[PDB]
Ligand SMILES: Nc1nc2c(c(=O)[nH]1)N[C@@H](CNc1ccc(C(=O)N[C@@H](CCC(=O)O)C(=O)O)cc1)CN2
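The chain below stands alone and is given in structure tokens; this is the form solved without the named molecule.
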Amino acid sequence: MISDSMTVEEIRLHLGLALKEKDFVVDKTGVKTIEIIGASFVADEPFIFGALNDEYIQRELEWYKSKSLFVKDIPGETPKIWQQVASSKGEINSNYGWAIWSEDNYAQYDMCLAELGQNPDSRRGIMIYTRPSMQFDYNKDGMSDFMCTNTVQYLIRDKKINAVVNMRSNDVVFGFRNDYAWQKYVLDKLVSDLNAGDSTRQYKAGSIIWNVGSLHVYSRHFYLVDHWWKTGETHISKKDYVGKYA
């Protein structure tokens, strides 16, 4: 429950235990990962491991606001991971701004906003990112992009808007930090939009609960887990790192 879920610090602990026990899972690409399966925690920090990168997150936000399904429209030089997963025409699925703001995904943000505006206690206030046809759309034109966020539900209780984020898959290092920033953005916008609609509502942002089928770290980031395991420091540069994982 929202009231006492796991914290991010406890998520760190369990990832550390998974690495120390060598609880390894081979990836779709043949690499090792460690995982929490069925993860569920309150996102009480904006990152788990790694450094801040407000600048990349702002670029991704602008790409989301454009709703463009083409990775080249990401501001500046598009990251290599986006180039790799895109189709032969540069197209993807996981533009989250498209997911919640495009008419072609059935106006998720606006309909959730309207639902909660008419019934503050509604259990039907939700933004549905993925879609049944994703079973076939994830590799359209040779892309490799099976939507990672399934749904985000918004529940207003005691004048706080809580977000229940349901993801099938989330990378602990870049993924969570970028996706948290996005979900906090949408939550704050929804609070502001509802408050602007009626001054008697007086809502504030509540808790963001993170639910992930596979919350994982790739072997290329094991050094971050190991360094935190040994020192409590959530970040170290790869150059400075001294330890087992290169």
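Heads up: residue numbers just count along the shown sequence, starting at 1.
K.L.:
Where do the C-alpha atoms have the higher mean temperature factor in this entry, in 219 to 227 or in 233 to 241?
P.N.:
Mean B over CA atoms: larger for 233 to 241.
K.L.:
Quick check on the record: does 81 to 89 or 125 to 133 carry the larger mean Cα temperature factor?
P.N.:
The deposited B-factors put 81 to 89 ahead on the C-alpha mean.
K.L.:
By the CA temperature factor listed in this entry, which of these ranks top: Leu69, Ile37, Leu52, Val186?
P.N.:
Among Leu69, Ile37, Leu52, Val186, the PDB entry lists the largest C-alpha B-factor for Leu52.
K.L.:
Please rank the C-alpha B-factors of the chain's modelled residues and tell me whether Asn211 sits in the lowest, middle or highest third.
P.N.:
Ranked within chain, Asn211 CA B lands in the middle tercile.
K.L.:
Test of reading the entry: by CA B factor among the chain's modelled residues, which third contains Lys32?
P.N.:
Ranked within chain, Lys32 CA B lands in the highest tercile.
K.L.:
Among all modelled residues of this chain, ranked by Cα B factor, put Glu115 in the bottom, middle or top third, i.e. lowest, middle or highest.
P.N.:
Bottom third by C-alpha B-factor.
K.L.:
If you rank the chain by CA B-factor, which third does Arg177 end up in: lowest, middle or highest?
P.N.:
Its C-alpha B-factor, which the entry lists for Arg177, ranks in the middle third among residues of this chain.
K.L.:
Comparing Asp171 with the other modelled residues of its chain, is its CA B-factor in the lowest, middle or highest third?
P.N.:
Ranked within chain, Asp171 CA B lands in the middle tercile.
Below: the form deposited with the named molecule bound, not depicted.
K.L.:
Any chance all of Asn53, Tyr56 and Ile81 sit within 4.5 Å of the named molecule in the deposited bound form, going by non-hydrogen atoms?
P.N.:
The answer is yes: all three residues contact the partner (heavy atom, 4.5 Å cut-off).
K.L.:
Under a 4.5 angstroms heavy atom criterion, identify the one residue in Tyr218, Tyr185, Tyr203, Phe47 near the named molecule in the deposited bound form.
P.N.:
Selected option: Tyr218.
K.L.:
Tell me, out of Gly97, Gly175, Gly90, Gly117, which residue has a non-hydrogen atom within 4.5 angstroms of the named molecule in the deposited bound form.
P.N.:
By the 4.5 Å criterion, the partner-contacting residue is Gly175.
K.L.:
Is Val85 close to the named molecule in the deposited bound form, meaning a heavy atom pair under 4.5 Å apart or at it?
P.N.:
Within the cut-off, so yes.
K.L.:
Of the listed stretches (176 to 184, 65 to 73, 35 to 43, 189 to 197), which one has a non-hydrogen atom within 4.5 Å of the named molecule in the deposited bound form?
P.N.:
Among the listed stretches, the partner-contacting one is 176 to 184.
K.L.:
Heavy atoms within 4.5 Å of the named molecule in the deposited bound form is the criterion; list the residues of 8 to 40 that meet it.
P.N.:
Stretch hits: a single one, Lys28.
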